[PDB]
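Each chain, written out:
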Amino acid sequence: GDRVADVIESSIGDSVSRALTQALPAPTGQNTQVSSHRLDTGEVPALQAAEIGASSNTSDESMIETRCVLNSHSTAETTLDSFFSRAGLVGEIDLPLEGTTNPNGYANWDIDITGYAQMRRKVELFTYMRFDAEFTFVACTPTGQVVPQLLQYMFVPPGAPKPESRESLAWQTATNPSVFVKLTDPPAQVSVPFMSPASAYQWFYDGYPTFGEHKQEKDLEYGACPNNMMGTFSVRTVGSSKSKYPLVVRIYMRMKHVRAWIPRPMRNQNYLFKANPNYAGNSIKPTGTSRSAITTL
Amino acid sequence: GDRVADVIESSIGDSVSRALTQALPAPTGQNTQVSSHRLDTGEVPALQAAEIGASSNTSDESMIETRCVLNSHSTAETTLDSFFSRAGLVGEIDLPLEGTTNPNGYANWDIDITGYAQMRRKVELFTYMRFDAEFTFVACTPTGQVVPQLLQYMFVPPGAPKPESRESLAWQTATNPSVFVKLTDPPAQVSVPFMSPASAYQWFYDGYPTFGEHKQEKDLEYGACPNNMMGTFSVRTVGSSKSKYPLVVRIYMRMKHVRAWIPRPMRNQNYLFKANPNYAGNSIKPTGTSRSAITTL
Amino acid sequence: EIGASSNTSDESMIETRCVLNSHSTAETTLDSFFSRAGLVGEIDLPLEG
Amino acid sequence: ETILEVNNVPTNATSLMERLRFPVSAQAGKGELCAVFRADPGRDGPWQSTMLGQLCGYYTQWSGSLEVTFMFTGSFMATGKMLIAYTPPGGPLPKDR
Amino acid sequence: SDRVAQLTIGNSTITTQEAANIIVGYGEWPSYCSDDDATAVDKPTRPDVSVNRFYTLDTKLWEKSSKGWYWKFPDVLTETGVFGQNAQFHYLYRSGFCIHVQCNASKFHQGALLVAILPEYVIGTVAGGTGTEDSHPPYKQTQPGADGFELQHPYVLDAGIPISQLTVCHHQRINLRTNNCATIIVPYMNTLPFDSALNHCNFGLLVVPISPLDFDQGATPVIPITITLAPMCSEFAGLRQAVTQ
Amino acid sequence: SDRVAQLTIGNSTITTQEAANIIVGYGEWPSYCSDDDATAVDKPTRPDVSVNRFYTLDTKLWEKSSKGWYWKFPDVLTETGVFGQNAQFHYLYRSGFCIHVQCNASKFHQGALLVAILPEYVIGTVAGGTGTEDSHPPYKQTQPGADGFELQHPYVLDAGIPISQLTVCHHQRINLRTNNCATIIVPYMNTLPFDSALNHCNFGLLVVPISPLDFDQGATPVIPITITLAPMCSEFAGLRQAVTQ
Amino acid sequence: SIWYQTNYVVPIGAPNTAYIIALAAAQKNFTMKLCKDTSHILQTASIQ
Ligand SMILES: CCCCCCCCCCCCC/C=C\[C@H](O)[C@H](N)CO
Ligand SMILES: CCCCCCCCCCCCC/C=C\[C@H](O)[C@H](N)CO
């Protein structure tokens with residue numbers, strides 16, 4: 001029941017996203033047209049204004065004398081599908097016999113793919129990502145030796161009970177997904193869906209997850225997105241007793257059906273911690289290498 | 001540009017005043033129909049619920065055995081036109097020769113019609129009133145004697161300069177309206193429009209006119225509507241010298257084209273001040289007279 | 001006391017907006033809830049004991 | 001609808017039936033507090049006593065509206081009025097009505 | 001199908017099992033201001049659910065020797081919620097109201113309350129008793145907030161006008177044998193389409209026991225009364241800094 | 001017909017005589033949330049003029065040895081106006097923004113500023129310098145309000161990412177020979193249709209002098225920079241008591 | 001949270017105290033996702 005003119009003539013409730021742009025097919029590189037000399041006034045395609053924040057709309061047809069070039073170079077290798085569907089190391093778990101880390105035949109590894117710099121920097125180019133994945137578990141001895149041993153790879157989502165030992169009752173995998181493998185067999189390989197409560201993962205969360213006063217005590221919460229905590233990956237030696245082969249499981253993740261939003265500046269400083277864009281402020285390095293003089297190369 | 005359903009299905013901006021009622025013509029009193037005996041169950045027109053806040057919808061056709069009466073009694077004397085178009089005293093100004101009130105041949109009287117109880121209580125039955133008026137000035141001597149004297153009746157609206165004496169330069173009435181009369185002639189009588197900035201006068205203003213802290217110092221502002229302060233009525237003896245006839249001007253106001261909103265309880269206690277519903281709390285009187293016993297008349 | 005459950009809504013109890021729910025009921029099926037291999041037995045064939 | 005046991009105060013054996021109903025006595029009329037409980041089904045609290053709170057343990061993510069039905073188990077001549085408020089997130093424990 | 005009611009507006013809901021009916025004040029529903037009637041050119045903000053919802057003020061105890069209480073509108077909601085911040089941040093205001101008064105008691109209690117809406121309930125003074133002093137009421141008593149103020153002389157409503165004729169305004173009666181709620185829906189009443197919420201009060205809400213509460217000891221002696229009220233069709237205009245008074 | 005602009009939204013108006021143009025962020029205009037994309041069933045309040053209007057935060061002085069400043073959004077407007085009360089009174093929030101940065105100087109001054117919008121500008125620490133400590137930034141520095149916070153290491157934007165590649169986000173450049181304003185229109189950016197204004201910050205606004213300010217003495221040495229920003233297409237949902245942090 | 005709006009009123013003879021029974025459910029728009037193994041029930045080993 002709308003009667004006044006201040007609500008009939010309104011734009012409130014306009015859910016349609018008005019865009020200035022339009023994605024057009026670019027299967028090949030842009031071709032070049034033939035260009036001649038211009039000796040005129042008024043039109044100046046070389047003078048720009050970067051103050052507008054836009055980029056140069058210039059060409060080489062407008063700036064030099066060019067020939068017709070038919071470009072048959074494909075733009076198919078710069079897709080996200082090709083750039084990210086390359087299995088990289090995201091984790092590495094050791095099941096030693098003795099020591100300090102995991103001397104009791106089991107190990108839990110909380111999923112963060114931000115422990116090795118090669119795959120981190122490649123995903124931290126973007127702010128939001130939505131992808132399926134394919135994990136692959138390459139288990140072996142420190143020496144690389146392959147051994148006849150049976151393992152159990154359990155996925156423990158959030159809320160589910162983490163196993164406290166090797167003979168714990170969570171390994172029964174009644175509703176949790178698990179995988180059994182021999183190491184004499186090939187590496188395991190499972191495909192995974194997009195499992196977050198949000199429409200995408202996000203490697204940078206500018207804010208705090210919990211309400212309340214924010215003191216120096218619980219300051220470690222800054223940047224923690226629980227929409228990214230997909231849980232825990234556990235691994236044991238299937239048995240009632242101690243094994244005799246030390247083991248190392250390496251995890252290799254490959255994305256599929258990738259979508260990404262909001263590119264960022266790529267990191268030029270060295271990572272130091274996980275899920276934390278900290279740096280060494282004493283040893284700041286330039287993102288390039290130096291000269292001695294600007295006139296001499 | 002309305003797209004969501006939470007704004008298409010809305011009633012926001014519905015300016016039409018949805019009323020449950022309808023004014024129908026009632027020129028005469030309601031006629032009576034013939035009624036008989038009823039000896040039935042289910043229908044009980046005498047049992048009501050005043051808890052609903054409504055009034056009894058009963059009849060005498062439903063409660064006694066009645067005859068057909070054709071009522072030819074008119075409802076034309078209870079109109080506001082008839083009830084208020086009766087000229088009553090609203091003010092009384094004295095122009096004595098000596099004394100304390102106005103010994104200098106002029107007198108200003110700020111317009112409030114709430115100085116005599118007979119016309120006040122009759123307008124204070126309502127909360128809002130919008131009317132034209134007709135003022136009438138009956139000037140004479142204390143003894144009632146009529147004398148050959150010329151007067152000037154100036155209306156001084158708000159903002160306009162009040163006259164400080166008889167020979168002041170505001171009496172020149174260049175844009176202000178004035179009236180000259182002899183007292184040997186009939187009473188003056190001018191018609192007046194509805195002159196307020198609001199859509200109606202209001203005899204009760206529940207609030208303060210000025211912003212700011214409200215202390216005991218400026219507590220007299222409570223109830224002051226400046227939408228009712230139509231100004232000042234001034235009167236002098238036209239002359240450069242002192243008169244010799246003492247005078248009393250009486251003002252008699254009559255409404256026309258009356259409209260009124262929101263009836264109120266009529267006052268049962270005595271007025272004490274102007275524009276102020278105060279009472280003597282020690283001598284509270286009932287709005288009726290008493291008995292000695294409820295069983296004996 | 002009837003033993004039935006509340007037939008109420010949020011359309012009847014608060015002022016709501018049109019929400020088009022595209023959440024699937026396909027994971028609460030018995031097919032999905034039970035087709036998950038779990039341990040039901042464990043047998044030991046020792047040498048002695 | 002199954003029983004949401006708000007009065008999860010007792011711990012011993014005999015008073016485990018006290019845990020399914022919370023009391024309503026006469027007060028001084030100053031708008032006091034009767035009871036409070038979180039609206040989180042999978043969290044450890046009153047909802048563990050509900051089928052919703054036990055099936056949601058077998059799942060990791062949930063979405064939708066909830067119902068809470070309160071039934072008065074007092075005399076027919078008893079009468080009263082109560083305010084059952086839902087405080088969305090961010091809201092601390094209210095100190096007053 | 002009349003003694004039960006569910007008043008749903010916004011994110012709030014009042015259920016009643018012992019209602020009488022709903023009174024609509026002067027036969028008009030609350031509404032928004034037309035373009036014919038408006039004068040201010042600013043576009044008003046119309047927040048539809050954050051301020052149009054039920055608020056709950058405080059409780060008053062109906063004792064034997066209770067005389068009555070009044071609550072001035074919209075002074076009740078100028079320190080309460082998103083309504084009372086917009087009223088501070090804006091200069092103008094326009095809303096109707098749905099008032100709801102609750103008083104529950106047994107079938108062995110008895111009493112009656114008159115719940116009336118009096119527009120422009122200007123307050124008077126006892127003039128020192130003698131009638132000589134042109135005294136004026138304080139700000140504590142004129143606009144007392146949501147804790148209300150009690151009447152000293154409820155026969156004359158502390159203004160010289162009698163309680164008997166107050167049923168010419170809106171009213172319902174809370175008879176503890178018959179009902180425990182009273183719903184009055186009030187439109188906007190003013191000579192002006194808009195006015196300031198902090199200086200002008202549009203009406204007052206009177207709650208007066210005409211019949212005294214009575215019960216035999218053994219029963220519950222504490223019988224509260226709670227005022228519960230919703231703005232309706234609210235509008236705000238004229239935006240500047242926040243001022244309280 | 002490009003160097004002049006009048007940005008009118010609400011009861012506010014910014015005139016410019018030395019503009020470049022208006023940047024629309026990622027080619028999307030601010031909008032409201034669809035029924036497909038929404039999940040919360042509550043009806044959101046959409047106040048159209050009381051919060052969609054230009055606010056003016058504070059001034060920063062461009063000196064010779066200035067390094068840069070950042071302002072986190074919507075932390076700038078949580079203690080300011082009718083916007084910052086609804087954000088307190090509600091749990092959710094959704095709005096775009098129109099940022100406007102002013103820096104006026106003569107035709108004998110020179111300098112350049114980069115004015116960039118970086119989403120999810122997470123802040124890093126120097127790790128004690130050595131790189132051994134997993135230190136974390138305080139609340140003063142993460143969310144500093146409308147008085148902003150200055151950068152210590154602006155080459156890496158205090159997050160280990162270089163200033164050079166920041167022109168892949170939204171940006172304009174304030175070249176004192178060419179312009180004195182920079183208008184960026186930002187949509188709502190989140191994985192979620194709604195989020196809380198008090199815990200999550202959607203983006204940061206970086207203001208960095210790439211070229212140092214220079215003038216000969218005799219001129220005016222005080223060159224302020226003022227941030228002026230309007231919410232657009234704002235929406236609120238989930239009403240409870242007001243909480244500040 | 002549950003607050004006394006008015007009071008719990010009772011006549012002579014009837015009991016001065018009662019009890020309320022809460023009954024929780026869900027609605028037609030409720031959905032669950034990503035099946036796991038429950039955590040708020042554990043088991044002491046050595047069944048039989
Ligand atoms: C049988 C074993 C299957 C194991 C399946 C593991 C599920 C993992 C899903 C991929 C999660 C994406 C990466 C997670 C988010 C981010 O790296 C961090 N949590 C946030 O910095
Ligand atoms: C030549 C002389 C003409 C005099 C005309 C006088 C104009 C008066 C217009 C009628 C005003 C209505 C009465 C005024 C309002 C109330 O009585 C009080 N001011 C408020 O209590």
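Per the conventions used, each chain is numbered from 1 along its written sequence, independently of whether this matches the entry, and residues without coordinates are not displayed. As they are written, the chains are lettered A onward and the ligands numbered 1 onward, keeping that order. In this view the chains form part of a larger assembly, and all numbers refer to the visible part. As a convention, hydrogens and water are excluded, and side-chain values are obtained from all of the structure's heavy atoms.

Per the deposited record, determination of this structure is attributed to cryo-EM, with the resolution reported as 2.98 Å.

1. With respect to the sheet that holds strand β9 (residues 170-175) of chain F
Residue and element names in this part refer to chain F. Here is the rule we go by: Pairs of strands are assigned from DSSP output, requiring at least two bridges between the strands. Think of it this way: any DSSP run of H or I at least four residues long counts as a helix, any run of E at least two long counts as a strand, and we number them from the N terminus.
If you walk across this open sheet you meet the 5 strands as β8-β5-β11-β7-β9, and the pairing is antiparallel. The sheet is open, and its two edges are formed by β8 (149-150) and β9, each paired on a single side. Pairing of strand β5 (residues 69-73) with strand β11 (residues 203-214), which is carried by 5 bridges, proceeds in the antiparallel orientation. In the sheet register, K72 faces β11, and the bridge partner there is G204.

2. A few points about the interface of chain D and chain G
Formally: In what follows, a contact means two residues having at least one pair of non-hydrogen atoms within 4.5 Å. A simple way to read buried area is as the amount of 1.4 Å-probe accessible surface that goes missing from two parts once joined, with both sides added. Every case where a carboxyl oxygen of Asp or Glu lies within 4 Å of a side-chain nitrogen of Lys or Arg is listed as a salt bridge. Polar contacts, as used here, are pairs of N or O atoms within 3.5 Å; protein pairs need one atom able to donate a hydrogen and one able to accept it. Residues neighboring in sequence count only if both atoms are side-chain atoms. Note on residue classes: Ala, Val, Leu, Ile, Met, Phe, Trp, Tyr, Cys and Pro are nonpolar, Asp, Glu, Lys and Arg are charged, and everything else, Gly too, is polar.
Across the boundary between the two partners, chain D contributes 63 residues, which contact 35 residues of chain G. Carbon and sulfur atoms make up 59% of the surface buried where chain D meets chain G, a total of about 5,200 Å² over both sides. Together, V24(D), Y58(D) and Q61(D) form the three largest contributors to the area buried by chain D at its contact with chain G, with a combined 10%. Where chain D packs against chain G, one counts 0 salt bridges. Counting across the interface, chain D meets chain G through 27 residue pairs in polar contact. Elements that contribute at least two residues to the side of chain D that touches chain G include exactly β1 (2-3), β2 (22-25), β3 (33-35), α1 (52-55), β4 (59-63), β5 (66-72) and β6 (79-84) of chain D. Ranked by residue count, the leading element in the side of chain D that touches chain G is β5(D), at 7 residues. Across the side of chain D that touches chain G, the residue classes break down as 32 nonpolar, 22 polar and 9 charged. Bridge count between β5(D) and strand β2 (residues 17-26) of chain G: 7 bridges; the pairing is antiparallel. Note that in β2(G) the partner of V68(D) across the bridge is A24(G).

3. Description of the site of ligand 1
Residue and element names in this part refer to chain A. Heads up, the condition is: Residues are labelled near a given molecule or strand when at least one of their non-hydrogen atoms is within 4 Å of it. Accessibility throughout is a Shrake-Rupley quantity obtained with a 1.4 Å probe, and a residue counts as covered only by protein chains that appear here.
Around ligand 1, the neighbouring residues are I111, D112, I113, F135, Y153, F155, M195, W203, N228, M230 and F233. Between ligand 1 and the protein, one listed contact pairs an oxygen atom with a backbone N or O atom of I113 at 3.3 Å. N228 places a main-chain nitrogen or oxygen 3.1 Å from a nitrogen atom of ligand 1. Considering ligand 1 on its own, with 610 Å² of exposed area, one finds that the protein chains cover 92% of that surface. Within the shell around ligand 1, the residues separate by chemical class into 9 nonpolar, 1 polar and 1 charged.

4. Structural notes on the pairing of β4(D)
Note the following rule: Burial classification: accessible surface area is computed with a 1.4 Å probe over protein chains only, and a residue below 20% of its type maximum counts as buried, one above 50% as exposed, and the rest as partly exposed.
Of all the 5 residues making up β4(D), 4 are buried; the element is thus mostly covered by neighbouring parts of the structure. Inspection of the sheet shows β4(D) paired to strand β3 (residues 31-35) of chain G by 4 bridges, in the antiparallel sense. Opposite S63(D), over in β3(G), you have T31(G) as the bridge partner.

5. Looking at the site of ligand 2
All names here are of chain B. The environment of ligand 2 is made up of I111, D112, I113, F135, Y153, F155, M195, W203, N228, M230 and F233. The backbone of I111 places a nitrogen or oxygen atom 3.5 Å from a nitrogen atom of ligand 2. A distance of 3.1 Å is found between a nitrogen atom of ligand 2 and a backbone nitrogen or oxygen belonging to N228. Relative to its unbound accessible area of 610 Å², ligand 2 is 92% covered by the protein chains. A class-by-class count of the residues in the shell around ligand 2 yields 9 nonpolar, 1 polar and 1 charged.

6. Comments concerning the sheet that holds strand β12 (residues 224-239) of chain E
All names here are of chain E. Rule in force here: For every element, the axis is a line fit to its C-alpha atoms; helices are fit only across the contacting stretch, and the angle between N-to-C directions ranges from 0 to 180 degrees.
One open sheet accounts for 5 strands, arranged β3-β10-β6-β12-β4; its pairing is mixed. Each edge of the open sheet is held by one strand with a lone partner, namely β3 (22-24) and β4 (55-61). Averaged over neighbouring strand pairs, the angle between their axes works out to 25 degrees when direction is ignored.

7. A few points about the relation of the copies chain E and chain F
The test is simple: Here the copies share a frame obtained from least-squares fitting of C-alpha atoms.
For the pair chain E and chain F, the superposition axis carries a translation of 0.0 Å, the fit reaches an RMSD of 0.0 Å, and the rotation angle comes to 180 degrees. Viewed as a symmetry operation, the transformation between the two copies matches a two-fold axis. Scanning chain E for the C-alpha nearest the rotation axis identifies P47(E), at a separation of 3.0 Å. A high fraction, 100%, of the interface residues of chain E reappear at the interface in chain F, so the copies pair face to face through one surface.

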